[PDB]
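Okay, structure first, notes after.
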Amino acid sequence: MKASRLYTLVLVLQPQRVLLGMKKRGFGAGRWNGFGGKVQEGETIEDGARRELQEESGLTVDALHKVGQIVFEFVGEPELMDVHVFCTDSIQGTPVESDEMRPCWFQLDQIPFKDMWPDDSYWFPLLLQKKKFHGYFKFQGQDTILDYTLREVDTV
Ligand SMILES: Nc1nc2c([nH]c(=O)n2[C@H]2C[C@H](O)[C@@H](COP(=O)(O)O)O2)c(=O)[nH]1
Ligand SMILES: [Mn+2]
Ligand SMILES: [Mn+2]
Ligand SMILES: [Mn+2]
């Protein structure tokens, strides 16, 4: 039995493109990713996801929808990362670079998998098919998956 810490991840997914951010520092630096971070005390998970989206990309959205949950375990770390993944297609402003992230749009036939976390190759296709998922990935370091589970679910 391990304890887990709550994190969010937000994908701005439009009909032909997705917004990703190049992580400029910290965890997963150097990889394109959705926007997110630790959930803070008192806020709902969804509101924490909205907050991190605004902080990291400048975008303000009224609502998100839950699309998945991924649990990450790292060799040598007792604490699991419980990542709650959200989408929206509805935005109303322009992305702006923050200290954490440089946003960039990618066409949906140019998803930059080689420059994303390795696990994204497994679950991101489900997100694109509008399927809900639960995943678990155990990493050695940043690059090597030792064990994983991925399942489509009807509710997140
Ligand atoms: N796409 C993707 N995102 C991840 C993985 N692991 C991981 O912590 N994240 C996200 C969750 C959070 O949005 C962010 C980590 O929190 P910070 O932004 O506070 O460093 O990275 C992963 O393997 N793939
Ligand atoms: Mn953040
Ligand atoms: Mn972050
Ligand atoms: Mn934060």
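Numbering starts fresh at 1 for the residues of each chain in the structure tokens, the chains themselves are lettered A, B, ... in the order given, and ligands are numbered from 1 as they appear.
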
Residues of segment 17-76 of chain A at most 8 Å from segment 131-154 of chain A: nearest atom pair and distance in Å, only C-alpha atoms, as CSV:
```
residue,atom,partner,partner_atom,distance
A:28,CA,A:142,CA,7.7
A:67,CA,A:132,CA,5.0
A:68,CA,A:133,CA,4.7
A:69,CA,A:134,CA,5.0
A:70,CA,A:135,CA,4.4
A:71,CA,A:136,CA,4.6
A:72,CA,A:137,CA,5.0
A:73,CA,A:138,CA,4.6
A:74,CA,A:139,CA,4.8
A:75,CA,A:140,CA,5.3
```

How would the residues just chosen look if you wrote them out with N, CA, C and O atoms as a compact mmCIF listing (two decimals), in the first residue's frame?
```txt
# COMPACT_ATOMS: atom_id res chain seq x y z
N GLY A 28 9.37 16.39 -15.75
CA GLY A 28 9.07 16.21 -17.16
C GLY A 28 9.54 17.34 -18.04
O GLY A 28 9.02 17.51 -19.15
N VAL A 67 -11.74 12.78 -18.63
CA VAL A 67 -11.51 11.78 -19.66
C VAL A 67 -10.69 10.60 -19.18
O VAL A 67 -10.74 9.53 -19.82
N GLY A 68 -9.94 10.71 -18.09
CA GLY A 68 -9.17 9.57 -17.64
C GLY A 68 -8.50 9.81 -16.31
O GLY A 68 -8.53 10.91 -15.75
N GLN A 69 -7.88 8.74 -15.81
CA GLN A 69 -7.09 8.79 -14.59
C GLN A 69 -5.90 7.89 -14.82
O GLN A 69 -6.06 6.77 -15.31
N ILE A 70 -4.70 8.39 -14.52
CA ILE A 70 -3.48 7.62 -14.66
C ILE A 70 -2.71 7.71 -13.36
O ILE A 70 -2.46 8.81 -12.86
N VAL A 71 -2.30 6.56 -12.83
CA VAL A 71 -1.48 6.49 -11.64
C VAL A 71 -0.04 6.20 -12.06
O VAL A 71 0.20 5.24 -12.81
N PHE A 72 0.90 7.01 -11.60
CA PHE A 72 2.31 6.82 -11.90
C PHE A 72 3.08 6.42 -10.66
O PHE A 72 2.92 7.03 -9.59
N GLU A 73 3.92 5.40 -10.80
CA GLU A 73 4.82 4.97 -9.75
C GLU A 73 6.24 5.06 -10.30
O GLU A 73 6.48 4.71 -11.46
N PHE A 74 7.17 5.55 -9.48
CA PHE A 74 8.57 5.66 -9.85
C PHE A 74 9.41 4.83 -8.89
O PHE A 74 9.20 4.89 -7.67
N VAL A 75 10.34 4.05 -9.45
CA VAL A 75 11.29 3.32 -8.63
C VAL A 75 11.99 4.29 -7.69
O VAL A 75 12.45 5.36 -8.12
```

Please report as a Markdown table every residue of chain A lying within 9 Å of ligand 1, along with the nearest atom pair and their distance in Å (one decimal), using only C-alpha atoms and all ligand atoms.
```
| residue | atom | partner | partner_atom_place_in_ligand_line | distance |
| --- | --- | --- | --- | --- |
| A:6 | CA | ligand 1 | 11 (C) | 8.9 |
| A:7 | CA | ligand 1 | 12 (C) | 5.5 |
| A:8 | CA | ligand 1 | 13 (O) | 5.1 |
| A:9 | CA | ligand 1 | 13 (O) | 4.3 |
| A:10 | CA | ligand 1 | 13 (O) | 7.4 |
| A:23 | CA | ligand 1 | 18 (O) | 8.1 |
| A:25 | CA | ligand 1 | 20 (O) | 8.3 |
| A:26 | CA | ligand 1 | 20 (O) | 5.6 |
| A:27 | CA | ligand 1 | 20 (O) | 4.2 |
| A:28 | CA | ligand 1 | 21 (O) | 6.4 |
| A:29 | CA | ligand 1 | 20 (O) | 8.3 |
| A:31 | CA | ligand 1 | 1 (N) | 8.7 |
| A:32 | CA | ligand 1 | 1 (N) | 8.0 |
| A:33 | CA | ligand 1 | 1 (N) | 5.2 |
| A:34 | CA | ligand 1 | 1 (N) | 6.3 |
| A:35 | CA | ligand 1 | 13 (O) | 5.4 |
| A:36 | CA | ligand 1 | 13 (O) | 3.5 |
| A:37 | CA | ligand 1 | 19 (O) | 3.8 |
| A:38 | CA | ligand 1 | 19 (O) | 5.4 |
| A:49 | CA | ligand 1 | 13 (O) | 8.7 |
| A:52 | CA | ligand 1 | 13 (O) | 8.4 |
| A:56 | CA | ligand 1 | 18 (O) | 8.9 |
| A:70 | CA | ligand 1 | 22 (C) | 8.2 |
| A:71 | CA | ligand 1 | 6 (N) | 8.4 |
| A:72 | CA | ligand 1 | 6 (N) | 6.5 |
| A:81 | CA | ligand 1 | 8 (O) | 6.4 |
| A:82 | CA | ligand 1 | 8 (O) | 8.3 |
| A:83 | CA | ligand 1 | 11 (C) | 5.7 |
| A:84 | CA | ligand 1 | 11 (C) | 8.1 |
| A:85 | CA | ligand 1 | 11 (C) | 8.5 |
| A:100 | CA | ligand 1 | 18 (O) | 7.7 |
| A:116 | CA | ligand 1 | 1 (N) | 6.8 |
| A:117 | CA | ligand 1 | 24 (N) | 4.8 |
| A:118 | CA | ligand 1 | 23 (O) | 6.7 |
| A:119 | CA | ligand 1 | 23 (O) | 5.5 |
| A:120 | CA | ligand 1 | 1 (N) | 5.4 |
| A:123 | CA | ligand 1 | 1 (N) | 8.9 |
| A:124 | CA | ligand 1 | 1 (N) | 8.2 |
| A:137 | CA | ligand 1 | 23 (O) | 7.7 |
| A:139 | CA | ligand 1 | 23 (O) | 8.8 |
| A:142 | CA | ligand 1 | 23 (O) | 8.5 |
```

- Task: From a DSSP pass on the backbone, collect the residues of segment 4-99 of chain A flagged as strand (DSSP E) and hand them back as number ranges by chain.
- Result: A: 4-13, 17-23, 32-33, 65-74, 80-88

Could the residues in this selection be written to a file with N, CA, C and O atoms, as a short mmCIF file (atom, residue, chain, number, x, y, z; two decimals), in the first residue's frame?
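File again.cif, as written:
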```
data_model
loop_
_atom_site.label_atom_id
_atom_site.label_comp_id
_atom_site.auth_asym_id
_atom_site.auth_seq_id
_atom_site.Cartn_x
_atom_site.Cartn_y
_atom_site.Cartn_z
N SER A 4 -0.88 8.29 -2.32
CA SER A 4 -0.84 9.00 -3.59
C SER A 4 -1.13 10.48 -3.39
O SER A 4 -1.81 10.88 -2.44
N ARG A 5 -0.59 11.28 -4.30
CA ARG A 5 -0.80 12.71 -4.32
C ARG A 5 -1.57 13.08 -5.58
O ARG A 5 -1.32 12.54 -6.67
N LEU A 6 -2.51 14.02 -5.45
CA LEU A 6 -3.39 14.40 -6.55
C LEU A 6 -2.72 15.39 -7.50
O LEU A 6 -2.19 16.42 -7.07
N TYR A 7 -2.80 15.10 -8.79
CA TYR A 7 -2.35 15.99 -9.86
C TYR A 7 -3.42 16.07 -10.94
O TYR A 7 -4.29 15.21 -11.05
N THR A 8 -3.34 17.13 -11.74
CA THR A 8 -4.25 17.33 -12.87
C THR A 8 -3.47 17.39 -14.17
O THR A 8 -2.27 17.67 -14.20
N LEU A 9 -4.19 17.13 -15.25
CA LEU A 9 -3.63 17.24 -16.59
C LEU A 9 -4.77 17.63 -17.51
O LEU A 9 -5.81 16.96 -17.51
N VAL A 10 -4.59 18.70 -18.28
CA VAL A 10 -5.65 19.25 -19.13
C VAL A 10 -5.17 19.27 -20.57
O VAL A 10 -4.12 19.85 -20.87
N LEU A 11 -5.96 18.67 -21.46
CA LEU A 11 -5.72 18.68 -22.89
C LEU A 11 -6.77 19.55 -23.57
O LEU A 11 -7.97 19.26 -23.49
N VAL A 12 -6.32 20.62 -24.23
CA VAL A 12 -7.20 21.46 -25.04
C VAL A 12 -7.25 20.80 -26.42
O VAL A 12 -6.35 20.99 -27.24
N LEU A 13 -8.29 20.01 -26.66
CA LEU A 13 -8.40 19.18 -27.86
C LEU A 13 -9.51 19.76 -28.72
O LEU A 13 -10.68 19.75 -28.33
N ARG A 17 -6.69 19.86 -33.96
CA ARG A 17 -5.45 20.23 -33.32
C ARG A 17 -5.58 20.06 -31.81
O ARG A 17 -6.68 20.00 -31.26
N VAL A 18 -4.43 19.99 -31.15
CA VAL A 18 -4.36 19.92 -29.70
C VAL A 18 -3.30 20.90 -29.22
O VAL A 18 -2.27 21.07 -29.87
N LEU A 19 -3.58 21.56 -28.10
CA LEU A 19 -2.62 22.47 -27.50
C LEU A 19 -1.76 21.68 -26.52
O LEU A 19 -2.28 21.00 -25.63
N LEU A 20 -0.45 21.75 -26.71
CA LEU A 20 0.48 21.18 -25.75
C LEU A 20 1.42 22.28 -25.29
O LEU A 20 1.48 23.36 -25.88
N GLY A 21 2.11 22.04 -24.19
CA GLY A 21 3.09 22.98 -23.68
C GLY A 21 4.42 22.29 -23.51
O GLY A 21 4.49 21.15 -23.05
N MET A 22 5.48 22.98 -23.92
CA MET A 22 6.82 22.47 -23.67
C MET A 22 7.19 22.81 -22.23
O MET A 22 7.25 23.99 -21.86
N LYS A 23 7.41 21.79 -21.42
CA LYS A 23 7.73 21.98 -20.02
C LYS A 23 9.14 22.54 -19.91
O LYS A 23 10.10 21.91 -20.36
N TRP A 32 6.74 17.81 -24.36
CA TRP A 32 5.42 18.38 -24.60
C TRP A 32 4.41 17.68 -23.71
O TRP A 32 4.46 16.46 -23.53
N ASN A 33 3.46 18.44 -23.17
CA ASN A 33 2.48 17.85 -22.28
C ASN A 33 1.24 18.73 -22.25
O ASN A 33 1.26 19.88 -22.70
N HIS A 65 -14.18 18.46 -18.91
CA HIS A 65 -14.79 17.15 -18.76
C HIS A 65 -13.72 16.10 -18.48
O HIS A 65 -12.63 16.14 -19.05
N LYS A 66 -14.04 15.19 -17.56
CA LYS A 66 -13.10 14.15 -17.17
C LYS A 66 -12.98 13.12 -18.28
O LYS A 66 -13.98 12.63 -18.80
N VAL A 67 -11.74 12.78 -18.63
CA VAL A 67 -11.51 11.78 -19.66
C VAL A 67 -10.69 10.60 -19.18
O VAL A 67 -10.74 9.53 -19.82
N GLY A 68 -9.94 10.71 -18.09
CA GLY A 68 -9.17 9.57 -17.64
C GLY A 68 -8.50 9.81 -16.31
O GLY A 68 -8.53 10.91 -15.75
N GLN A 69 -7.88 8.74 -15.81
CA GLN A 69 -7.09 8.79 -14.59
C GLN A 69 -5.90 7.89 -14.82
O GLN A 69 -6.06 6.77 -15.31
N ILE A 70 -4.70 8.39 -14.52
CA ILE A 70 -3.48 7.62 -14.66
C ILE A 70 -2.71 7.71 -13.36
O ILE A 70 -2.46 8.81 -12.86
N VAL A 71 -2.30 6.56 -12.83
CA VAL A 71 -1.48 6.49 -11.64
C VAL A 71 -0.04 6.20 -12.06
O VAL A 71 0.20 5.24 -12.81
N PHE A 72 0.90 7.01 -11.60
CA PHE A 72 2.31 6.82 -11.90
C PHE A 72 3.08 6.42 -10.66
O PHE A 72 2.92 7.03 -9.59
N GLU A 73 3.92 5.40 -10.80
CA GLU A 73 4.82 4.97 -9.75
C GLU A 73 6.24 5.06 -10.30
O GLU A 73 6.48 4.71 -11.46
N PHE A 74 7.17 5.55 -9.48
CA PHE A 74 8.57 5.66 -9.85
C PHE A 74 9.41 4.83 -8.89
O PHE A 74 9.20 4.89 -7.67
N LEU A 80 2.79 7.68 -4.96
CA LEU A 80 2.24 7.58 -6.31
C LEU A 80 1.71 8.94 -6.76
O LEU A 80 1.27 9.76 -5.94
N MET A 81 1.74 9.17 -8.07
CA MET A 81 1.11 10.35 -8.65
C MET A 81 -0.24 9.95 -9.22
O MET A 81 -0.31 9.15 -10.16
N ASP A 82 -1.32 10.49 -8.66
CA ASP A 82 -2.67 10.16 -9.11
C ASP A 82 -3.11 11.31 -10.01
O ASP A 82 -3.54 12.36 -9.51
N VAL A 83 -2.99 11.13 -11.33
CA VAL A 83 -3.20 12.19 -12.31
C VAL A 83 -4.61 12.07 -12.89
O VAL A 83 -4.96 11.06 -13.51
N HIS A 84 -5.40 13.11 -12.69
CA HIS A 84 -6.76 13.19 -13.23
C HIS A 84 -6.73 14.02 -14.51
O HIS A 84 -6.30 15.18 -14.49
N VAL A 85 -7.15 13.40 -15.61
CA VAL A 85 -6.98 13.96 -16.95
C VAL A 85 -8.32 14.51 -17.42
O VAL A 85 -9.35 13.83 -17.32
N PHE A 86 -8.29 15.73 -17.95
CA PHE A 86 -9.48 16.45 -18.38
C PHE A 86 -9.27 16.98 -19.79
O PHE A 86 -8.14 17.19 -20.23
N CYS A 87 -10.38 17.18 -20.49
CA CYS A 87 -10.35 17.81 -21.80
C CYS A 87 -11.32 18.97 -21.84
O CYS A 87 -12.19 19.11 -20.97
N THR A 88 -11.14 19.80 -22.86
CA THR A 88 -12.17 20.70 -23.33
C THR A 88 -11.83 21.07 -24.77
O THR A 88 -10.66 21.06 -25.17
#
```

- When you draw a straight line from atom CA of residue 76 of chain A to atom 1 (Mn, counted along the ligand's line) of ligand 2, how long is it in Å?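 Separating atom CA of residue 76 of chain A from atom 1 (Mn, counted along the ligand's line) of ligand 2 is a distance of 23.7 Å.
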
- Between atom CA of residue 107 of chain A and atom CA of residue 14 of chain A - distance in Å to one decimal: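 Calculated distance between atom CA of residue 14 of chain A and atom CA of residue 107 of chain A is 9.5 Å.
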
- When you draw a straight line from atom CA of residue 61 of chain A to atom CA of residue 112 of chain A, how long is it in Å? 24.6 Å

- Task: Go through A:99, A:109, A:62, A:89 one by one, measure the shortest atom-to-atom distance of each to residue 46 of chain A using only C-alpha atoms, and give the residue with the smallest value.
- Result: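 The answer is A:62, which sits nearest to residue 46 of chain A.
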
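For the choices A:93, A:42, A:58, A:15, the atom-to-atom distance to ligand 2 is smallest for A:58 when using only C-alpha atoms and all ligand atoms.
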
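Residues of chain A carrying a DSSP assignment of helix (DSSP H, G or I), computed from the backbone, are residues 45, 46, 47, 48, 49, 50, 51, 52, 53, 54, 55, 56, 57, 113, 114, 115, 120, 121, 122, 123, 124, 125, 126, 127 and 128 of chain A.
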
- Query: From the list A:78, A:101, A:53, A:16, which residue is nearest residue 1 of chain A when using only C-alpha atoms?
  - Reply: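 When distances to residue 1 of chain A are compared using only C-alpha atoms, the smallest one comes from A:78.
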